[PDB]
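**Student:** Sending over a structure as structure tokens; questions will come in a sec.
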Amino acid sequence: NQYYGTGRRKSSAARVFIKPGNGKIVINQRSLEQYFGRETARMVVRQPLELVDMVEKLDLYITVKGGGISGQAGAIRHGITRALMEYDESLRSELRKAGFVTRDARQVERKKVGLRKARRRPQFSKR
Amino acid sequence: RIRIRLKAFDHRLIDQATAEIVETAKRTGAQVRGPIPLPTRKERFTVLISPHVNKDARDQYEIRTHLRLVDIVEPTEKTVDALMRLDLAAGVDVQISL
Amino acid sequence: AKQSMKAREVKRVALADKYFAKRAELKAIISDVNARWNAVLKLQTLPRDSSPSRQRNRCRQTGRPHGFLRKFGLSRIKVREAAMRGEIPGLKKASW
Amino acid sequence: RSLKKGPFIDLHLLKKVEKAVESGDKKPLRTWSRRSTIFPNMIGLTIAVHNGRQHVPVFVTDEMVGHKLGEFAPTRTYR
Amino acid sequence: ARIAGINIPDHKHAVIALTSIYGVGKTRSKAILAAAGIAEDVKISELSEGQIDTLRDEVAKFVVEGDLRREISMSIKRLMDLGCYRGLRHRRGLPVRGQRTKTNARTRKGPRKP
Amino acid sequence: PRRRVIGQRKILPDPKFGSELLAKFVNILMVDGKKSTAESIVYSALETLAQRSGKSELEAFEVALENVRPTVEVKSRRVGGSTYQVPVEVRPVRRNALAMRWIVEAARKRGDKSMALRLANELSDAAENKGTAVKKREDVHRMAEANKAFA
Amino acid sequence: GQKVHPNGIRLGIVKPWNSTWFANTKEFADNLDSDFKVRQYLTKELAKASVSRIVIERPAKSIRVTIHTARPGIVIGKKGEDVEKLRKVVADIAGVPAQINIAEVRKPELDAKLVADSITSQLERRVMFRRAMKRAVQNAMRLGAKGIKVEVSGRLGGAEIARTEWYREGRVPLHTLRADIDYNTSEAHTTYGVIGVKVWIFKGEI
RNA sequence: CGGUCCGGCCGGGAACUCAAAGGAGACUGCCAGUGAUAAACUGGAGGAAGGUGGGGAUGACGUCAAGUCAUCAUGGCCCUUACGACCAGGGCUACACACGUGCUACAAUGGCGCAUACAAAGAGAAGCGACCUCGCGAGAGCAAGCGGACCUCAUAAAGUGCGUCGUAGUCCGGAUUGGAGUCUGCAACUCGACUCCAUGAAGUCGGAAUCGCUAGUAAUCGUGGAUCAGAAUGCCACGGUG
Ligand SMILES: [Mg+2]
Ligand SMILES: [Mg+2]
Ligand SMILES: [Mg+2]
Ligand SMILES: [Mg+2]
Ligand SMILES: [Mg+2]
Ligand SMILES: [Mg+2]
Numbered sequence: 003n004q005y006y007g008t009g010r011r012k013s014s015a016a017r018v019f020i021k022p023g024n025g026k027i028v029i030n031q032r033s034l035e036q037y038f039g040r041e042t043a044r045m046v047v048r049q050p051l052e053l054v055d056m057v058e059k060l061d062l063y064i065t066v067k068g069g070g071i072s073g074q075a076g077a078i079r080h081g082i083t084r085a086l087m088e089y090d091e092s093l094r095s096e097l098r099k100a101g102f103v104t105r106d107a108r109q110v111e112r113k114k115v116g117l118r119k120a121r122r123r124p125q126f127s128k129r
Numbered sequence: 005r006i007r008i009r010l011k012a013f014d015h016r017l018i019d020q021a022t023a024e025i026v027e028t029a030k031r032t033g034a035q036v037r038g039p040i041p042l043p044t045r046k047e048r049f050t051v052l053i054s055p056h057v058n059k060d061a062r063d064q065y066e067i068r069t070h071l072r073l074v075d076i077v078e079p080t081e082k083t084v085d086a087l088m089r090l091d092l093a094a095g096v097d098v099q100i101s102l
Numbered sequence: 001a002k003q004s005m006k007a008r009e010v011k012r013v014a015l016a017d018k019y020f021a022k023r024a025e026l027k028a029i030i031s032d033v034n035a040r041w042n043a044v045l046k047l048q049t050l051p052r053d054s055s056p057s058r059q060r061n062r063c064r065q066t067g068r069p070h071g072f073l074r075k076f077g078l079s080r081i082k083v084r085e086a087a088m089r090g091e092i093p094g095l096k097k098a099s100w
Numbered sequence: 002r003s004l005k006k007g008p009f010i011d012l013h014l015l016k017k018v019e020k021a022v023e024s025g026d027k028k029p030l031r032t033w034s035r036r037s038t039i040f041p042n043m044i045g046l047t048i049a050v051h052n053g054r055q056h057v058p059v060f061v062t063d064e065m066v067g068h069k070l071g072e073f074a075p076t077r078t079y080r
Numbered sequence: 001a002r003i004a005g006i007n008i009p010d011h012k013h014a015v016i017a018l019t020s021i022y023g024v025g026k027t028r029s030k031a032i033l034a035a036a037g038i039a040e041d042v043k044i045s046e047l048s049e050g051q052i053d054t055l056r057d058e059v060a061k062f063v064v065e066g067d068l069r070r071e072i073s074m075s076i077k078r079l080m081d082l083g084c085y086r087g088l089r090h091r092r093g094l095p096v097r098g099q100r101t102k103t104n105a106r107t108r109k110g111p112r113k114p
Numbered sequence: 001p002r003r004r005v006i007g008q009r010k011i012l013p014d015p016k017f018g019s020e021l022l023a024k025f026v027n028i029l030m031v032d033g034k035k036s037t038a039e040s041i042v043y044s045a046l047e048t049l050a051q052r053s054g055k056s057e058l059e060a061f062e063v064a065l066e067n068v069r070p071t072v073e074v075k076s077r078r079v080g081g082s083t084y085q086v087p088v089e090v091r092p093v094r095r096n097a098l099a100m101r102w103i104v105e106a107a108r109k110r111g112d113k114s115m116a117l118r119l120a121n122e123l124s125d126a127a128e129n130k131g132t133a134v135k136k137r138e139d140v141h142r143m144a145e146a147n148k149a150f151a
Numbered sequence: 001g002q003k004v005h006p007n008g009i010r011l012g013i014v015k016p017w018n019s020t021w022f023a024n025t026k027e028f029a030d031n032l033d034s035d036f037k038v039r040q041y042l043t044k045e046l047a048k049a050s051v052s053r054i055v056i057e058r059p060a061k062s063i064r065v066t067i068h069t070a071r072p073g074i075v076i077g078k079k080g081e082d083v084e085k086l087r088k089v090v091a092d093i094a095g096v097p098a099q100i101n102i103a104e105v106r107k108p109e110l111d112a113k114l115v116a117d118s119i120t121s122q123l124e125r126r127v128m129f130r131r132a133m134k135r136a137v138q139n140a141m142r143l144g145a146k147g148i149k150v151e152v153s154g155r156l157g158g159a160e161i162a163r164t165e166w167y168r169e170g171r172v173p174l175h176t177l178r179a180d181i182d183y184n185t186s187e188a189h190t191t192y193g194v195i196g197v198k199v200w201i202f203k204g205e206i
């Protein structure tokens with residue numbers, strides 16, 4: 003069968019599929035390198051496979067929409083680590099100390115009437 | 005085959021006068037592809053709250069417009085004759101055609 | 001907002017349709033690539053107030069021509085003054 | 002610089018510009034038609050353009066053609 | 001390396017050197033070098049004279065340098081001579097094209113003192 | 001800071017090294033929220049430096065950074081109609097951060113070409129302590145040890 | 001001024017909507033004028049009819065309008081007449097056909113609008129404002145009313161300086177969303193000014 | 001999974017993303033420490049979320065005879081063949097200046113050229129307007145779909161890859177002016193916005209003084225909307241990187 007695990011981060015939604023095969027990655031029907039596996043998050047995608055050996059052990063096919071570079075990136079990171087419950091909840095405990103388990107609840111702060119943007123306050127006159 | 009888009013400003017009223025229809029289908033007729041939600045259109049308006057000056061003022065309003073889909077598959081003279089005249093619940097736009 | 005200046009807009013809104021959209025239609029095809041007989045952009049000497057771009061848009065209830073809104077046909081004041089009393093269906097103070 | 006497909010002038014003024022040919026010129030013509038593009042058929046006239054308070058006399062010249070009458074009728078009395 | 005106008009420019013890419021002319025912006029300067037079999041960025045360090053005069057004549061077509069400045073100052077003077085509004089503006093050292101004068105008219109007005 | 005004391009958030013390590021310090025550095029240099037380019041500028045300078053010293057890579061930074069590193073600074077007091085500006089002992093955590101900021105901010109004021117070149121040339125300049133940055137040391141150490149009577 | 005409208009704030013919950021139909025951008029406005037035009041004619045014809053609150057829904061190319069009055073008999077009239085005459089006009093105003101109900105007002109001293117309007121007819125009638133507020137509040141807590149406050153202001157009794165004089169009694173938490181709060185306004189056109197009346201009535205919990 | 005014109009496109013599938021209704025969940029509750037054995041605070045565990053989790057809405061009695069008779073309403077006062085009313089043209093866009101708020105820059109953390117990867121939120125029938133065609137261009141001709149998770153407004157820009165420039169008043173910067181055009185509008189002189197060609201100020205980091213922001217913020221990059229025939233560097237809103 004398959005081992006699913008959604009996972010998301012800031013407007014981004016990334017679904018991960020885990021099957022035991024090889025250290026290749028099928029993100030949006032293209033290579034890890036064919037997307038952003040070298041940019042401002044070269045390997046935040048590989049991370050979930052740090053203390054949980056890989057190299058060529060298990061293979062994974064991933065889709066993702068919304069957000070931008072590092073957002074989709076982190077999203078996937080999370081989704082992987084969640085689909086990675088497959089082996090057991092025995093590893094999803096030191097994966098915690100890695101922080102990969104936590105949904106980064108940080109969102110774009112809204113703009114607010116009276117301000118130039120979110121927090122930024124229209125400079126006011128001397129006195 | 006028979007598709008009805010529902011809309012109104014009260015959610016816990018639209019899905020109610022919707023379940024009226026779904027049940028009134030899977031009682032008489034049959035099939036029906038459930039109550040599909042769809043996306044809500046929220047048109048917001050923001051206006052100044054002071055009659056003179058003060059722009060930091062302002063009040064922010066919105067009008068949420070919720071939808072439902074319906075979609076009944078077996079047009080049975082009995083169910084198609086059930087929808088009609090047993091419609092009620094005003095303040096709900098219903099559309100059957102295209 | 002000053003009766004007179006109000007009736008003016010009614011006369012304008014009337015003219016807008018007595019003539020324009022009607023006999024004014026003859027300028028769309030009349031005065032564009034259909035080639040010239042000049043009496044074309046000439047007959048454009050009708051009332052004056054006879055034109056949509058000459059209407060203003062006034063708070064349907066007061067007349068205040070500022071702070072207006074297309075959805076409701078009113079200006080921010082009376083719009084809120086009504087919104088806070090039901091009056092405007094579906095409309096309530098939002099947040100997010 | 003604007004009009005594209007056909008220059009513009011007011012009718013009343015145009016009439017004042019034709020009538021003032023086969024009946025010879027005369028004193029200043031008075032229009033408020035600061036909106037009109039000058040025609041060659043105006044040259045050697047005396048058309049007086051309203052500028053807010055009054056109508057200034059303007060002598061249609063060899064090549065004041067593609068311009069408007071309002072151009073020669075300053076309105077703000079600066080200084 | 002004067003060419004068409006007495007200006008003697010070089011030591012950079014051709015497309016860019018050509019811009020010294022008082023009458024060629026990127027566009028003209030494109031239609032120029034691209035109308036000779038010359039390249040975008042070939043310096044003058046390789047461009048033999050006989051490869052330069054095929055240019056000199058390509059630029060001989062459109063008014064530039066002296067003749068241009070003349071033409072323009074002329075048009076302006078024409079404005080003034082009429083007595084319109086753009087004219088009264090050129091003559092009155094103020095912004096022609098409508099810009100506010102209540103403030104910020106410094107380019108057409110000159111640094112302030114009073 | 002008036003009531004609710006804290007600590008300080010911490011950051012992922014250097015994506016291309018694994019160090020906290022360096023990442024801190026890139027942030028220090030980053031701007032307009034440009035990480036992609038910032039790090040590209042940092043590594044290139046640490047690279048040209050790297051070879052130009054031959055002296056390893058990791059500690060090419062460490063050494064030159066050990067020169068800017070301060071020991072004492074000054075906190076203004078303004079007590080009674082007088083500024084009475086007292087010297088204080090800088091903590092071993094800020095120290096490094098300041099040195100980093102004087103380096104970055106120094107190369108920033110250099111008249112070279114690439115910010116990478118400017119950087120490297122400041123870095124190596126400090127390796128032989130004679131830069132702007134090191135002078136900032138030979139400045140804050142001047143200010144204290146003078147007001148040092150305010151211990 | 002720093003108070004949020006106690007009615008409009010509750011709308012989402014615990015409070016209805018005196019206009020409850022649905023329309024699209026296209027004629028939402030043309031409908032709004034109609035709406036706040038028939039209340040215009042209606043609160044004029046039935047002012048002595050102790051009208052508390054008119055309501056409107058537009059059931060598909062048609063309009064309903066339920067009039068909440070405290071003296072329904074007088075609005076209904078002899079065998080339907082008083083509502084009959086209304087049918088017509090209202091229908092020739094909205095542009096469509098029009099039913100028209102008449103919800104009774106169970107105990108009117110609990111209706112903010114009718115309390116206020118009373119306190120107004122009083123001032124116009126030339127009674128001591130203090131007395132009016134007092135009575136209102138009293139014989140309002142008389143029959144339930146977890147809380148209440150009336151506040152009438154401006155040229156009270158007829159001074160050159162303007163006052164506000166309020167009178168709270170019982171419990172009134174404007175800050176609680178889930179609380180039932182009826183609030184209203186009524187202008188008094190006094191023979192020398194215009195005194196503003198506002199009233200809050202607190203009816204309870206969830 | 002099955003058909004394949006590599007398109008979720010045809011069955012179909014109802015898992016998943018998502019959509020929107022109803023729910024659960026976090027409470028100092030537990031472990032420990034400090035603390036008067038209390039309140040709390042600190043740290044830890046689990047946990048998507050720890051100590052109001054993030055952001056909103058919500059603004060007490062009152063203060064300044066603060067602001068609004070021009071939104072509306074209204075006591076009083078005043079003109080009423082005029083302070084009312086219709087029309088045309090102009091002015092609200094003036095310019096020796098001074099102040100506030102902002103936009104755009106002085107540049108290689110970039111300018112330019114080509115290729116190219118990832119959003120969010122919204123608007124739309126007197127409307128949004130594909131495609132194709134014509135123009136270097138703004139646009140124009142002909143014309144489908146869509147009253148809208150279907151169609152269109154849109155083709156994100158920072159970014160990333162290569163090539164160029166090598167610190168120059170420059171290949172930055174774009175003011176100002178000349179010439180010629182487009183569109184909306186009865187009409188663009190006063191006074192529209194945009195495009196094509198040329199034109200290239202001041203500016204190389206800003207005295208005294210002074211403002212904003214404590215986390216997905218500041219900084220920075222683009223997107224949409226309201227008013228609107230047609231004038232956004234403003235306003236309201238949206239997400240990128242951080
Ligand atoms: Mg009036
Ligand atoms: Mg208009
Ligand atoms: Mg509260
Ligand atoms: Mg006051
Ligand atoms: Mg440039
Ligand atoms: Mg704070």
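Chains as they are written, first to last, in the deposited numbering: chain QI, 3 to 129; chain QJ, 5 to 102; chain QN, 1 to 35, 40 to 100; chain QS, 2 to 80; chain QM, 1 to 114; chain QG, 1 to 151; chain QC, 1 to 206. Yeah, the Cβ is synthetic: ideal placement off N, Cα and C, and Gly gets one too.
Is the Cβ-Cβ distance between QI:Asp-61 and QI:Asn-24 less than 8 Å?
**Tutor:** Counting from one through the first sequence, the residue named residue 61 of chain QI turns up at place 59. Counting from one through the first sequence, the residue named residue 24 of chain QI turns up at place 22. Closer than 8 Å, so yes.
**Student:** What are the complete beta strand (DSSP E) segments, minimum 3 residues, inside the region 18 to 55 of chain QS?
**Tutor:** Taking only runs of at least 3 residues, the beta strand (DSSP E) segments lying wholly in the region 18 to 55 of chain QS are 49 to 51.
**Student:** Per DSSP, which residues does QC:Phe-202 bridge with? Please list them.
**Tutor:** If you number the seventh sequence from 1, residue 202 of chain QC lands on position 202. Answer is QC:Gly-147 and QC:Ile-181.
**Student:** Enumerate, from N- to C-terminal direction, the unbroken alpha helix (DSSP H) stretches of 4 or more residues contained entirely within the region 95 to 120 of chain QC.
**Tutor:** Complete alpha helix (DSSP H) runs here, min 4: none at all.
**Student:** Using only the heavy atoms of ligand 2, determine whether one of them is closer than 7 Å to the beta carbon of QN:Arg-60.
**Tutor:** The residue labelled residue 60 of chain QN in the question sits at position 56 within the third sequence. Yes - ligand 2 has a heavy atom lying nearer than 7 Å to the Cβ of QN:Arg-60.
**Student:** What are the boundary residues of the beta strand (DSSP E) that includes QM:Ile-32?
**Tutor:** Here residue 32 of chain QM corresponds to residue number 32 of the fifth sequence, with the count starting at 1. Segment 26 to 33 is the alpha helix (DSSP H) holding QM:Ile-32; no beta strand (DSSP E) there.
**Student:** Can you find a CB in chain QM that lies within less than 8 Å of the CB of QS:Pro-8?
**Tutor:** Counting from 1 along the fourth sequence, the entry for residue 8 of chain QS is found at position 7. Not an interface residue.
**Student:** When we look at the beta-carbon of QS:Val-59 and count the other beta-carbons within 10 Å, is it buried (16 or more) or exposed?
**Tutor:** Residue mapping note: residue 59 of chain QS aligns to position 58 of the fourth sequence, counting from 1. The residue is buried, with at least 16 neighbouring Cβ atoms inside 10 Å.
**Student:** Please list, in chain order, the chain QG residues whose beta carbon lies closer than 7 Å to that of QI:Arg-44.
**Tutor:** The residue you call residue 44 of chain QI lines up with position 42 of the first sequence. Within chain QG, the residues near QI:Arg-44 are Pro-15.
**Student:** Please determine whether the Cβ atom of QN:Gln-3 lies at a distance below 7 Å from any heavy atom of ligand 1.
**Tutor:** As a first step, residue 3 of chain QN is located in the third sequence; it is residue number 3 there, counting from the start. For ligand 1, at least one heavy atom lies less than 7 Å from the Cβ of QN:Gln-3.
**Student:** For QS:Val-22, count the other beta carbons within 10 Å of its own beta carbon; 16 or more makes it buried, fewer makes it exposed. Which is it?
**Tutor:** The residue labelled residue 22 of chain QS in the question sits at position 21 within the fourth sequence. With fewer than 16 Cβ atoms within 10 Å of its Cβ, QS:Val-22 is classed as exposed.
**Student:** Is QG:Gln-85 helix, strand or coil when you go by DSSP?
**Tutor:** Walking along the sixth sequence from the start, residue 85 of chain QG turns up at place 85. Correct three-state label for QG:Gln-85: coil.
**Student:** Does QC:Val-199 pass the burial test, meaning 16 or more other C-beta atoms within 10 Å, or should it be called exposed?
**Tutor:** Position 199 of the seventh sequence holds residue 199 of chain QC. Buried, since its Cβ has 16 or more Cβ neighbours within 10 Å.
**Student:** Between which two residues does the alpha helix (DSSP H) holding QJ:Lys-82 run?
**Tutor:** The count along the second sequence starts at 1 and reaches residue 82 of chain QJ at position 78. From DSSP, the alpha helix (DSSP H) with QJ:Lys-82 extends over 81 to 87.
**Student:** With QI:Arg-10 and QI:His-80 assumed to form a contact (beta carbons below 8 Å), what rounded beta-carbon distance in angstroms separates them?
**Tutor:** Start at 1 with the first residue of the first sequence, and residue 10 of chain QI comes out as number 8. Start at 1 with the first residue of the first sequence, and residue 80 of chain QI comes out as number 78. Correct: roughly 7 Å between the Cβ atoms.
**Student:** Out of QI:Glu-88, QI:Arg-84, QI:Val-110 and QI:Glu-111, which has the shortest C-alpha to C-alpha gap to QI:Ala-100?
**Tutor:** Here residue 100 of chain QI is taken as the residue at index 98 of the first sequence, counted from 1. Answer by Cα proximity: QI:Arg-84.
**Student:** Answer with buried or exposed for QS:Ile-48, where buried requires no fewer than 16 other C-beta atoms within 10 angstroms of its C-beta.
**Tutor:** As a first step, residue 48 of chain QS is located in the fourth sequence; it is residue number 47 there, counting from the start. QS:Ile-48 is buried by the Cβ-count criterion.
**Student:** Over the uninterrupted beta strand (DSSP E) stretch that includes QC:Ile-56, give me the two end residues.
**Tutor:** By 1-based counting over the seventh sequence, the position of residue 56 of chain QC is 56. Counting along the chain, QC:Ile-56 falls outside any beta strand (DSSP E), and DSSP gives it neither H nor E.
**Student:** Between the beta-carbon of QC:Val-75 and the beta-carbon of QC:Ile-102, is there less than 8 Å?
**Tutor:** Residue numbering aside, residue 75 of chain QC sits at position 75 when the seventh sequence is read from its first letter. Residue numbering aside, residue 102 of chain QC sits at position 102 when the seventh sequence is read from its first letter. It is a contact, given that the beta carbons lie within the stated cut-off.
**Student:** Can you give me the Cβ contacts of QI:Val-54 inside the same chain, cut-off strictly under 8 Å, excluding the 5 residues immediately before and after it?
**Tutor:** If you number the first sequence from 1, residue 54 of chain QI lands on position 52. If we look at QI:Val-54 and ignore the five residues flanking it on each side, its Cβ neighbours are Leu-86, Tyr-89, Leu-93 and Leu-97.
**Student:** Does the Cβ-Cβ distance between QC:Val-137 and QC:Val-127 come in under 8 Å?
**Tutor:** By one-based count along the seventh sequence, residue 137 of chain QC stands at place 137. By one-based count along the seventh sequence, residue 127 of chain QC stands at place 127. The answer is no: Cβ separation not under 8 Å.
**Student:** State the Cα-Cα distance for the pair QC:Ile-13 and QJ:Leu-92, rounded to the nearest angstrom.
**Tutor:** The sequence position of residue 13 of chain QC within the seventh sequence is 13, counting from 1. The sequence position of residue 92 of chain QJ within the second sequence is 88, counting from 1. Using only the alpha carbons, I get a separation of about 23 Å.
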